[PDB]
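Take a look at this single chain, the form solved without this ligand, given in structure tokens.
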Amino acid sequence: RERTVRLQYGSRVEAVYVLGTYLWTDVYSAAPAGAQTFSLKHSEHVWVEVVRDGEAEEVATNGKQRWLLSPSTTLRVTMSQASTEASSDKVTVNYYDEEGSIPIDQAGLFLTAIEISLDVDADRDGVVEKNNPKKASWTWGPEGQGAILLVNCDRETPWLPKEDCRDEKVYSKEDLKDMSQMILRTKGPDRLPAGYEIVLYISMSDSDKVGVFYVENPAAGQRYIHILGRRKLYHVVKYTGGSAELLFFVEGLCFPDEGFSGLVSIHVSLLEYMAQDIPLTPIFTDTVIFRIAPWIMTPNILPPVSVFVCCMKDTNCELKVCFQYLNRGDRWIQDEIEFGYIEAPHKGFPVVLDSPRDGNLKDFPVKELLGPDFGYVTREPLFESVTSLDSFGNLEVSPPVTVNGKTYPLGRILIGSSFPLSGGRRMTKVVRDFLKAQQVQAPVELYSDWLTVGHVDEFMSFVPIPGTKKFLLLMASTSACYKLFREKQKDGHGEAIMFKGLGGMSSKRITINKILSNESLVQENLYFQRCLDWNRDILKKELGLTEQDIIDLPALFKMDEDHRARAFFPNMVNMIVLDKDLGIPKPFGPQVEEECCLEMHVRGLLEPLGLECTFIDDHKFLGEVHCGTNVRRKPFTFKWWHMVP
């Protein structure tokens, strides 16, 4: 960082030297007309080199030595340490005419050495290191370095219906715990030389991205000032003498999205005062880079924490019930809500994603899932209309996977869609852009649009098989149901009847025979099986799965007027997964040996593994038990900043 300084004719120039920089000094222009030579004298803590076209001769404090004047011959001035006083560090050059040994005129430089560094934590250990070279850049990888910033999606004070990032005001003292520290460190004399001031500033573009607070009068009357943020581009810092540190707290307002990479910057600058109606000059500038931590989903293979359910009709973790007024006739806590988390070094908390769907429970998250160490976010489309695929039963995430040499440690977000040439339903562009812009989990689009509801959770699920790993992707199969039913028919059970209890029940008698003897049905389910196999191909491709990794659960579908599938009997891939111990819907299949053959079948599949199956009663609404419940999960041990997406 080389800065240009020129002496003035017959005059003494006062200047501020910022450590970490070197001065190129021009002694030629200040030379009087007729002077053929120059000698120089300088202070102890000032290093002076005489540079003629690249060759630098370091010179003593008292020169008593002359050089030939020339534009090529110049000075290089460096300073080792900060100044105790505004002066006493100087470089004085005397000029000589060839006819005498006495100087004619002389020029000088009065140096005031200060050290200004804007510091953040770029090595991600949870404390702030002094002047990290990499602080102005952001690098992915375990050996990579950069500062990380959390959004405040949460609420310290219940008195308001908003996240803490929503205002420019800070109320509670615990707020700052979520903010990332930025310290301005300074070394210099008792005060600054006249016409100099230090200023913090951010872009107009970064106004809504960040905010920066300073805490004044700690204990006592303690107050939180908003120095940077919305409507504040700059703040003028008060300089304090000697070694001094100014502690600031930074908060991300916005999440990484379309048009926003997640990267933000804050600058500090030393401004020299020129004159009225003229801009201050940025003598020196230091810069730090924050990256706003993304939003990360939790798959079904992670340890569960909380289980949520709407209300109602009628193990080793808690259950949060959504009652009455909160329900407002909306039975789906799955579709409206996706659980996630955000993390920084030694900082982080759960964050919830609220669906644009805006069911009668739309009011519920904020009022409230939202509170201390619990986050909230939304994307509401303006020009686009909401469909059934924007429900979060259509939003899932895969276990950590490896696809052809590339690692996906946090898994891959799976969302349902339609063929591009179909012209069918799709998730809103805002949500897709959001998830895509999170970019750590690298979203994929399956095909859910052959289903009436259009959700991913209908045809697939993941369960842990406590190696602990490998997660055994479970898919629906109509083929398996027809196979099982044909086997039971050949066993003499073809007259056995589905839907014991309920209705008809046996008044309308639906038997394995009459089901297998249904033509339109078997055609429909052949087509549906194709629809399943396409998704199977996508999953195997993009998730790097073999055929060894898949289990086909018996399922049956029925085609509606839209040529879409609705569950013939309750969908069993619609289950919920807690640490093995499956929540599978009760299929209500036909009875063999006084037992439902479907239950015994899926047991015969999963039970040889650690999985313990449990069957829940529900289906005309229509959805099974995924649509009725949502489970909060414990995050990955893997830190997202160690990736290379």
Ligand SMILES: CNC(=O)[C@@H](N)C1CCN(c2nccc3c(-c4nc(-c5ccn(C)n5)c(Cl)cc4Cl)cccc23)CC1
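The first residue of the shown sequence is 1; numbering continues from there.
K.L.:
Between residue 547 and residue 548, count the deposited residues left without coordinates and pick a bin: none, 1 to 3, 4 to 9, 10 or more.
P.N.:
Going from residue 547 to residue 548, the model skips no residues of the deposited sequence.
K.L.:
Using the PDB record, quantify the missing residues of the deposited sequence between residue 581 and residue 582 as none, 1 to 3, 4 to 9, or 10 or more.
P.N.:
Nothing is missing.
K.L.:
Looking at the deposited entry, does 185-193 or 167-175 carry the larger mean Cα B-factor?
P.N.:
Per the PDB entry, the higher value belongs to 167-175.
K.L.:
Comparing 145-153 with 356-364, which has the greater mean CA B-factor as deposited?
P.N.:
Comparing averages over the C-alpha atoms only gives 356-364.
K.L.:
Whose C-alpha has the highest temperature factor in the PDB entry: 329, 375, 256, 424?
P.N.:
The C-alpha B-factor peaks, among 329, 375, 256, 424, at 329.
K.L.:
Quiz for you: based on the deposited Cα B-factor, which of 279, 501, 133, 108 is highest?
P.N.:
When the deposited C-alpha B-factors of 279, 501, 133, 108 are compared, 501 is largest.
K.L.:
Of the three thirds of its chain by CA temperature factor, lowest, middle or highest, which one includes residue 295?
P.N.:
For residue 295, the deposited C-alpha B-factor lands in the lowest third.
K.L.:
Which third, lowest, middle or highest, does the C-alpha temperature factor of residue 490 belong to within its own chain?
P.N.:
Middle third, going by the recorded CA B-factors of the chain.
K.L.:
Taking the C-alpha B-factors as the PDB entry records them, is residue 416 in the lowest, middle or highest third of its chain?
P.N.:
Lowest third, going by the recorded CA B-factors of the chain.
K.L.:
Going by the CA temperature factor in the PDB record, which third of the chain does residue 461 belong to: lowest, middle or highest?
P.N.:
It falls in the bottom third of the chain.
K.L.:
Would you check the entry's CA temperature factor for residue 454 and let me know if it's in the chain's lowest, middle or highest third?
P.N.:
Ranked within chain, residue 454 CA B lands in the lowest tercile.
As for the form deposited with this ligand bound, it is not shown, yet the points below apply to it.
K.L.:
May I ask you to decide between open and blocked for this site, after superimposing the site C-alphas so that this ligand adopts its pose in the deposited complex, counting ligand atoms within 2.4 Å of backbone or C-beta atoms with 3 as the threshold?
P.N.:
Blocked.
K.L.:
Out of 344, 453, 440, 253, which one falls within 4.5 Å of this ligand in the deposited complex, going by heavy atoms?
P.N.:
Exactly one residue meets the criterion: 253.
K.L.:
Select from the listed residues 386, 104, 465, 515 the one whose heavy atoms reach within 4.5 Å of this ligand in the deposited complex.
P.N.:
Going through each option in turn, the one that passes is 386.
K.L.:
Quick one: which of 70-78, 162-170, 301-309, 465-473 gets within 4.5 Å of this ligand in the deposited complex, going by heavy atoms?
P.N.:
Going by heavy atoms within 4.5 Å, the stretch is 162-170.
K.L.:
Check, residue by residue, if 401, 549 and 607 all come within 4.5 Å of this ligand in the deposited complex, counting heavy atoms only.
P.N.:
Judged in the deposited complex, none of 401, 549 and 607 sits within 4.5 Å of this ligand.
K.L.:
Taking this ligand as it sits in the deposited complex, is residue 335 near enough to touch it, meaning that at least one heavy atom pair lies within 4.5 angstroms?
P.N.:
Close contact exists here: in the deposited complex, residue 335 approaches this ligand to within 4.5 Å, heavy atoms only.
K.L.:
Residue-level contact is defined here as any heavy atom of the residue lying within 4.5 Å of this ligand in the deposited complex; does residue 484 satisfy this criterion?
P.N.:
Although this ligand is absent here, residue 484 would stay clear of it in the deposited complex, with no heavy atoms inside 4.5 Å.
K.L.:
Give a yes/no on whether residue 379 approaches this ligand to within 4.5 Å in the deposited complex, heavy atoms considered.
P.N.:
Yes, residue 379 sits close enough to this ligand in the deposited complex that at least one of its heavy atoms falls within 4.5 Å.
K.L.:
So in the deposited complex, does residue 430 come within 4.5 Å of this ligand, heavy atom to heavy atom?
P.N.:
Yes, contact at 4.5 Å.
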